[PDB]
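Listed next as structure tokens is one chain, alone, in the form deposited in one PDB entry.
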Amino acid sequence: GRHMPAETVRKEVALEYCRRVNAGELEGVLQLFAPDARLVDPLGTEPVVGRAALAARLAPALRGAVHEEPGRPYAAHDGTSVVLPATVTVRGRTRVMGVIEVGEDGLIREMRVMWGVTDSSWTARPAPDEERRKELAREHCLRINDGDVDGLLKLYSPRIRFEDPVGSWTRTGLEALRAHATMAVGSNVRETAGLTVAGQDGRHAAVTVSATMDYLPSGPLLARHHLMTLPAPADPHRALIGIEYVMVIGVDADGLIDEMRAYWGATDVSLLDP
């Protein structure tokens, strides 16, 4: 039997990575990675590949007493992804989001740590492109909230490929995105942006989102796709569904969003009644 690990298991592996970094025992940390795992930290630099090279990269950070304060982990429906915001202290405070893939043995196959110069207290180098990308991520949410579909599309390239949730079909083109946002507005979606980070690759950013929407039609639709399981609401005409997710965007050379992924799994959904 080979099987991909469940949402709950991936969430726990990401938290356990932080507990072991904090406990300071390098061998404990390394045993959480696959033998040929890849680490990219920060996003934009060369991958560190395999446990030997990971030992070389992490050894100094553990000697300097790095500390990772985990936030809330987010899953997906691809059997592998988990996203964990954290605050990393060492002088310095950095806000990061680790995008992690857990493999079939329960071990981290891959870890991509998104954080920019502008998410970090230990460097004051300016990165106006970072701030522009984070502001585009936030902007997506404001334009959904305001019911401004035409405006939302203005942020996106005609080449846009998006996946929501991670683990479903990749959708392409402004027409598919238009249809999503038009439905969100019809279900009174409200997206409240929390933490933002940027990559240092001239391209990525990410935002935690807390979203509410009308129970009808999304709840029964999504339950029937086996994407969530909620209790039955006392009043389905008034109830709301909450989804906590992280949206990752990729921005092209022209400043337009050409890639977008929303990370949430069944364990990131809830019924708000009322």
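Numbering starts at 1 and follows the sequence shown.
Asks: What number of residues from the deposited sequence go unmodelled in the gap from residue 90 to residue 91, classed as none, 1 to 3, 4 to 9, or 10 or more?
Replies: Per the deposited record, the segment joining residue 90 and residue 91 lacks coordinates for 4 to 9 residues.
Asks: Looking at the entry, does 11-19 or 248-256 show the higher mean C-alpha B-factor?
Replies: Taking the mean C-alpha B-factor of 11-19 and of 248-256, the larger value falls to 248-256.
Asks: Which of the two stretches, 79-87 or 128-136, shows the higher mean Cα temperature factor in the record?
Replies: Here the higher of the two C-alpha B-factor means belongs to 128-136.
Asks: Going by the entry, which of 108, 166, 96, 176 has the most elevated CA B factor?
Replies: Largest recorded C-alpha B-factor: 176.
Asks: Sort the modelled residues of this chain by their C-alpha B factor and say whether residue 218 lands in the lowest, middle or highest third.
Replies: For residue 218, the deposited C-alpha B-factor lands in the highest third.
Asks: Ordered by C-alpha B-factor within the chain, which third holds residue 74? Give me lowest, middle or highest, please.
Replies: According to the entry, residue 74 has a C-alpha B-factor in the chain's lowest third.
Asks: Considering every modelled residue of the chain and its Cα B-factor in the PDB entry, is residue 208 in the lowest, middle or highest third?
Replies: Lowest third.
Asks: Residue 142: which third of its chain by C-alpha temperature factor?
Replies: Highest third of the chain for residue 142's C-alpha B-factor.
Asks: Based on the deposited C-alpha B factors for this chain, I'd like to know if residue 115 is in the lowest, middle or highest third.
Replies: Residue 115: CA B-factor falls in the middle third of its chain.
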